[PDB]
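Novice: Just passing along the structure, written as structure tokens.
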Amino acid sequence: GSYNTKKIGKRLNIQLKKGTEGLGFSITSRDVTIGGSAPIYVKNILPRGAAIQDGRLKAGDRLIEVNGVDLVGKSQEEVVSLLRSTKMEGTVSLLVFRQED
């Protein structure tokens with residue numbers, strides 16, 4: 001469809017495969033500016049887990065969804081347990097928003 005607006009920021013669909021410490025990325029939520037719900041951000045990227053293993057994820061980006069579940073609307077504890085579950089084979093779908101703020 002014709003969707004054309006051009007915003008400086010993009011979302012990335014990233015699948016990461018569980019290694020030894022597969023989900024080596026952790027999230028945080030602080031404050032929301034413009035809106036209201038508190039955004040989920042990737043805080044830390046462990047130098048040895050799936051993030052580096054596939055090398056697609058980094059810290060700083062806003063996490064939009066993980067494993068196909070929407071974050072904006074749920075709390076960290078809900079997202080963390082969603083993260084801790086990983087998936088059965090171990091491939092996690094992260095959607096991040098790359099922002100250069």
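Ordered as shown in the structure tokens, chains take letters A, B, and onward, while each chain numbers its residues from 1 and ligands are numbered from 1 in the order shown.
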Fewer than 6 positions away in the same chain doesn't count, so skip those; otherwise give me all residues within 12 Å of stretch 65-81 of chain A, counting only C-alpha atoms, as an NGL selection string.
Specialist: :A and (11-17 or 23 or 25-30 or 32 or 35-42 or 87-88 or 90-97)
Novice: Could you please take those selected residues and save N, CA, C and O atoms as a short mmCIF file (atom, residue, chain, number, x, y, z; two decimals), in the first residue's frame?
Specialist:
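Writing done, so here's part_6.cif:
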```cif
data_model
loop_
_atom_site.label_atom_id
_atom_site.label_comp_id
_atom_site.auth_asym_id
_atom_site.auth_seq_id
_atom_site.Cartn_x
_atom_site.Cartn_y
_atom_site.Cartn_z
N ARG A 11 12.07 0.84 12.44
CA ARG A 11 11.93 -0.34 13.25
C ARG A 11 12.65 -1.49 12.58
O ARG A 11 12.68 -1.59 11.35
N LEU A 12 13.22 -2.34 13.38
CA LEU A 12 13.99 -3.48 12.91
C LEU A 12 13.44 -4.74 13.48
O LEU A 12 13.30 -4.86 14.70
N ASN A 13 13.13 -5.66 12.63
CA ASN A 13 12.72 -6.96 13.06
C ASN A 13 13.94 -7.85 13.15
O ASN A 13 14.63 -8.11 12.17
N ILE A 14 14.24 -8.27 14.32
CA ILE A 14 15.44 -8.98 14.60
C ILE A 14 15.15 -10.31 15.25
O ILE A 14 14.54 -10.36 16.29
N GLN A 15 15.58 -11.36 14.65
CA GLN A 15 15.50 -12.64 15.29
C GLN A 15 16.84 -13.07 15.79
O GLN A 15 17.84 -13.01 15.06
N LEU A 16 16.86 -13.46 17.02
CA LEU A 16 18.08 -13.84 17.70
C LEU A 16 17.95 -15.25 18.22
O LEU A 16 16.89 -15.63 18.73
N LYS A 17 18.99 -16.04 18.07
CA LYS A 17 18.98 -17.38 18.50
C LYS A 17 19.75 -17.59 19.79
O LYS A 17 20.91 -17.18 19.94
N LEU A 23 19.51 -14.89 25.78
CA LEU A 23 18.96 -13.59 25.83
C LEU A 23 19.79 -12.67 26.68
O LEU A 23 19.56 -12.48 27.87
N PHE A 25 20.28 -9.56 26.46
CA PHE A 25 19.82 -8.23 26.39
C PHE A 25 18.78 -8.04 27.43
O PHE A 25 18.01 -8.96 27.72
N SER A 26 18.77 -6.91 28.02
CA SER A 26 17.85 -6.64 29.06
C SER A 26 17.20 -5.30 28.83
O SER A 26 17.78 -4.41 28.20
N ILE A 27 16.01 -5.16 29.33
CA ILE A 27 15.19 -4.00 29.11
C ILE A 27 15.04 -3.15 30.35
O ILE A 27 15.28 -3.60 31.46
N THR A 28 14.66 -1.92 30.13
CA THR A 28 14.40 -1.00 31.19
C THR A 28 13.28 -0.06 30.74
O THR A 28 12.98 0.04 29.54
N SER A 29 12.63 0.56 31.68
CA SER A 29 11.66 1.57 31.40
C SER A 29 11.85 2.70 32.38
O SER A 29 11.99 2.46 33.59
N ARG A 30 11.91 3.90 31.89
CA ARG A 30 12.06 5.03 32.76
C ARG A 30 10.90 5.97 32.67
O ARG A 30 9.96 5.86 33.46
N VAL A 32 8.23 8.44 29.98
CA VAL A 32 7.72 8.65 28.66
C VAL A 32 7.58 10.14 28.38
O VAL A 32 7.06 10.90 29.21
N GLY A 35 3.19 11.31 24.91
CA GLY A 35 2.40 10.11 24.99
C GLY A 35 2.06 9.77 26.42
O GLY A 35 1.87 10.66 27.26
N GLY A 36 2.00 8.49 26.72
CA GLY A 36 1.67 8.06 28.06
C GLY A 36 1.44 6.58 28.11
O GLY A 36 0.39 6.11 27.69
N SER A 37 2.42 5.84 28.64
CA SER A 37 2.37 4.38 28.73
C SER A 37 3.72 3.84 29.24
O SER A 37 3.78 2.70 29.70
N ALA A 38 4.78 4.67 29.13
CA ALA A 38 6.17 4.29 29.49
C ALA A 38 6.74 3.30 28.46
O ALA A 38 6.23 2.18 28.30
N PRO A 39 7.79 3.69 27.71
CA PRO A 39 8.36 2.85 26.69
C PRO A 39 9.40 1.88 27.25
O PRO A 39 10.04 2.15 28.28
N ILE A 40 9.55 0.78 26.57
CA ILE A 40 10.48 -0.24 26.96
C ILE A 40 11.76 -0.05 26.13
O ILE A 40 11.70 -0.01 24.91
N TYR A 41 12.88 0.07 26.78
CA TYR A 41 14.14 0.30 26.09
C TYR A 41 15.10 -0.81 26.34
O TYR A 41 15.05 -1.45 27.40
N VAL A 42 15.96 -1.07 25.38
CA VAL A 42 16.99 -2.05 25.57
C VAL A 42 18.10 -1.36 26.35
O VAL A 42 18.66 -0.35 25.88
N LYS A 87 11.52 -18.87 23.90
CA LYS A 87 10.68 -19.56 22.94
C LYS A 87 11.12 -21.02 23.00
O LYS A 87 12.08 -21.32 23.73
N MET A 88 10.47 -21.93 22.28
CA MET A 88 10.83 -23.34 22.37
C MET A 88 12.17 -23.66 21.69
O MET A 88 13.03 -24.28 22.30
N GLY A 90 14.25 -21.34 20.50
CA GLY A 90 15.10 -20.35 21.04
C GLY A 90 15.35 -19.20 20.10
O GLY A 90 16.37 -18.54 20.21
N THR A 91 14.45 -18.95 19.17
CA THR A 91 14.63 -17.80 18.32
C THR A 91 13.62 -16.75 18.73
O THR A 91 12.41 -16.96 18.67
N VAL A 92 14.11 -15.64 19.12
CA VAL A 92 13.30 -14.58 19.62
C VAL A 92 13.21 -13.46 18.61
O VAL A 92 14.23 -13.05 18.06
N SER A 93 12.02 -13.01 18.37
CA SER A 93 11.79 -11.94 17.46
C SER A 93 11.73 -10.62 18.24
O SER A 93 10.85 -10.41 19.04
N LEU A 94 12.67 -9.77 18.01
CA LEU A 94 12.69 -8.47 18.63
C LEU A 94 12.34 -7.45 17.59
O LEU A 94 12.76 -7.58 16.44
N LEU A 95 11.57 -6.50 17.94
CA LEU A 95 11.35 -5.39 17.06
C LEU A 95 11.84 -4.20 17.78
O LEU A 95 11.34 -3.88 18.85
N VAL A 96 12.81 -3.57 17.25
CA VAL A 96 13.36 -2.42 17.89
C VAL A 96 13.20 -1.20 17.04
O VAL A 96 13.02 -1.31 15.84
N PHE A 97 13.25 -0.09 17.66
CA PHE A 97 13.17 1.16 16.99
C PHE A 97 14.50 1.84 17.11
O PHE A 97 14.94 2.19 18.22
#
```
Novice: If you run DSSP on this backbone, which residues of chain A come out as helix (DSSP H, G or I), and could you give them as a PyMOL selection string?
Specialist: chain A and resi 50-55+76-85
Novice: Take the residues that were just selected and, keeping N, CA, C and O atoms, output them as an mmCIF file, in the first residue's frame.
Specialist:
```cif
data_model
loop_
_atom_site.group_PDB
_atom_site.id
_atom_site.type_symbol
_atom_site.label_atom_id
_atom_site.label_comp_id
_atom_site.auth_asym_id
_atom_site.auth_seq_id
_atom_site.Cartn_x
_atom_site.Cartn_y
_atom_site.Cartn_z
ATOM 1 N N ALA A 50 22.741 -13.799 22.583
ATOM 2 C CA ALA A 50 22.153 -13.842 21.241
ATOM 3 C C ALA A 50 22.288 -12.528 20.497
ATOM 4 O O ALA A 50 22.446 -12.520 19.276
ATOM 5 N N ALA A 51 22.257 -11.412 21.240
ATOM 6 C CA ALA A 51 22.351 -10.089 20.631
ATOM 7 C C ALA A 51 23.629 -9.957 19.807
ATOM 8 O O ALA A 51 23.589 -9.514 18.669
ATOM 9 N N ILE A 52 24.740 -10.346 20.400
ATOM 10 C CA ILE A 52 26.046 -10.364 19.741
ATOM 11 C C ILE A 52 26.221 -11.606 18.846
ATOM 12 O O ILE A 52 26.916 -11.560 17.836
ATOM 13 N N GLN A 53 25.577 -12.702 19.239
ATOM 14 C CA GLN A 53 25.662 -13.971 18.554
ATOM 15 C C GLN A 53 25.191 -13.797 17.100
ATOM 16 O O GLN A 53 25.818 -14.295 16.164
ATOM 17 N N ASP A 54 24.087 -13.106 16.919
ATOM 18 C CA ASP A 54 23.614 -12.807 15.571
ATOM 19 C C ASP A 54 24.052 -11.424 15.175
ATOM 20 O O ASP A 54 24.113 -11.091 13.993
ATOM 21 N N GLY A 55 24.354 -10.610 16.181
ATOM 22 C CA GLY A 55 24.887 -9.295 15.948
ATOM 23 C C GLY A 55 23.910 -8.344 15.331
ATOM 24 O O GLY A 55 24.285 -7.496 14.528
ATOM 25 N N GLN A 76 7.082 -3.827 32.564
ATOM 26 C CA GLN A 76 8.369 -4.527 32.488
ATOM 27 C C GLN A 76 8.303 -5.947 32.941
ATOM 28 O O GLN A 76 8.770 -6.806 32.252
ATOM 29 N N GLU A 77 7.695 -6.196 34.080
ATOM 30 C CA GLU A 77 7.649 -7.553 34.633
ATOM 31 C C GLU A 77 6.957 -8.520 33.679
ATOM 32 O O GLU A 77 7.314 -9.697 33.596
ATOM 33 N N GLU A 78 5.999 -8.009 32.945
ATOM 34 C CA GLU A 78 5.286 -8.784 31.967
ATOM 35 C C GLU A 78 6.197 -9.055 30.768
ATOM 36 O O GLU A 78 6.183 -10.137 30.194
ATOM 37 N N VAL A 79 6.992 -8.063 30.411
ATOM 38 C CA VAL A 79 7.892 -8.174 29.272
ATOM 39 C C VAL A 79 9.112 -9.032 29.638
ATOM 40 O O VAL A 79 9.594 -9.814 28.827
ATOM 41 N N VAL A 80 9.595 -8.893 30.874
ATOM 42 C CA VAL A 80 10.787 -9.625 31.296
ATOM 43 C C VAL A 80 10.517 -11.115 31.321
ATOM 44 O O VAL A 80 11.319 -11.892 30.866
ATOM 45 N N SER A 81 9.363 -11.495 31.819
ATOM 46 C CA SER A 81 8.973 -12.893 31.883
ATOM 47 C C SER A 81 8.720 -13.461 30.476
ATOM 48 O O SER A 81 8.956 -14.645 30.210
ATOM 49 N N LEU A 82 8.280 -12.592 29.591
ATOM 50 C CA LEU A 82 8.118 -12.886 28.194
ATOM 51 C C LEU A 82 9.505 -13.130 27.576
ATOM 52 O O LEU A 82 9.694 -14.042 26.771
ATOM 53 N N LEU A 83 10.472 -12.340 28.008
ATOM 54 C CA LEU A 83 11.844 -12.473 27.574
ATOM 55 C C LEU A 83 12.457 -13.762 28.155
ATOM 56 O O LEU A 83 13.031 -14.555 27.441
ATOM 57 N N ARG A 84 12.279 -13.973 29.455
ATOM 58 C CA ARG A 84 12.849 -15.133 30.169
ATOM 59 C C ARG A 84 12.340 -16.459 29.592
ATOM 60 O O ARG A 84 13.026 -17.478 29.666
ATOM 61 N N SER A 85 11.153 -16.438 29.020
ATOM 62 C CA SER A 85 10.583 -17.618 28.411
ATOM 63 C C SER A 85 11.364 -17.973 27.127
ATOM 64 O O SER A 85 11.578 -19.166 26.813
#
```
Novice: I'd like to know which residues of chain A are strand (DSSP E or B) (by DSSP, run on the backbone); could you write them as number ranges by chain?
Specialist: A: 10-17, 25-28, 40-45, 62-66, 69-70, 72, 74, 91-98
Novice: Kindly give the distance, in Å, that separates atom CA of residue A:4 and atom CA of residue A:57, rounded to a single decimal.
Specialist: 26.1 Å
Novice: Using only C-alpha atoms, which of the listed residues (A:3, A:62, A:9, A:46) sits closest to residue A:100?
Specialist: A:9
